[PDB]
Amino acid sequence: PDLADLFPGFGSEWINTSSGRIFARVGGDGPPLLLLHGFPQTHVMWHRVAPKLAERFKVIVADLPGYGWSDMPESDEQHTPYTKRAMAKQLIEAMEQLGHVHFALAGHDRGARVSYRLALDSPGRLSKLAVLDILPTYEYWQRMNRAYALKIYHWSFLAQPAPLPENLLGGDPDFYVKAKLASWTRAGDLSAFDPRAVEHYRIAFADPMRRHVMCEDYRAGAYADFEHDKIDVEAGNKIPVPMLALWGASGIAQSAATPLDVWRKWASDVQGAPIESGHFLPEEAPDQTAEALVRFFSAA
C-alpha cells in the first residue's frame, strides 16, 4: 500500500531523541517553524499550508511522538511519554538535534496541546506560538457537561483503561478514523480532505500499536495533562510567548469558549481569529489558515 508525497520539495528527516525518532518533513528556509498535527492525523495534515509557510520559514512538519512514522516510546502506567509535557520535551530535543533551540510553533489538536504545554514549560524555546482549534485541556475538562461529554465523547472513551478503547477501535478502525475526520469538518464528510492525506491517516490508524498510542495520548489528556494544566491554572502561570489562537467556526473550540477569552486567561499576549472551517483548519481552510499563520509568524 503506497502513499503519497504531499510535501514536494520538502526533505524527510528521522530526528533522533532519547525517547525515539521523530519523523519530520523539512522544507523552506528562514526562521524555524515547527508544525504539530493532532488526532487522528499525521504531519501530512499540514500539506496544504506548509508550502506557503515554507516561503518564509524553515518549516518542520513533525509526526508527534508515537504518531505517524515517529517512533512509539513504550508507555507506562501514567502514560508519561504521551503526556504533552513529555511530548514537548521530546520535540524540544528533536529541535535541538537540528540546532533549533528557539523556534516558532503552530499546533493543531493534540499537537496544539503539546504546543501550549511546551510554551508553559519552556517558554524561552518559542518565538511565537499558534494553537489551532483547541482550548487548554484543563478547560475542556472543567467545562465537561452533558453537551461537551457528547461532543468530545472520545476524550472519555479513548481514556478508558486499556484495552477497552483499543479493542473497540479495532472493531472498525477504517470507519472510526474516517468518521472522526468527517464528523469534525464543516461539511461532515471527507470532501475537505485530500484523499492522499486521508490514506495517510487511514494507514496510521490501521496499526494497533498506533491506535494504542493515541489512546495513551487521550489517557494522558484525562489524567497527567489535566493535572499539569491544573498546576498552571492554580499558580497563575500564563503563556508569555506571543500567541495566536485560531479556531473553526464549526470546530472543537467554539462551543463553550469564546476561545480568545479563554486563551487570554492562559496567555498574556494572544490574538485570535475564527476561520471558516470545522476542526481541520489547515485542510478545510488552508489559504485562510496559512494567511493567518504567515501574518502572525512573519517577523523574527
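Start at 1 and count along the sequence shown; that's the residue number.
Taking the mean C-alpha B-factor of each stretch as recorded, 71-79 and 86-94 are not equal, and the higher mean is that of 71-79. The deposited model assigns a higher average Cα B-factor to 243-251 than to the other stretch when 37-45 and 243-251 are compared. Out of 270, 231, 64, 61, it is 270 whose C-alpha atom has the highest B-factor in the PDB entry. Annotation for residue 292: C-alpha temperature factor in the highest third relative to the rest of the modelled chain, per the entry. In this PDB entry, the Cα temperature factor of residue 171 sits in the top third of its chain's modelled residues, the highest group. Residue-level temperature factors show residue 144 in the highest third of its chain, judged at the C-alpha atom.
Residue 285: CA B factor in the highest third of modelled residues in this chain (values from the PDB entry). Sort the chain's modelled residues by C-alpha temperature factor and residue 160 lands in the lowest third, per the entry.
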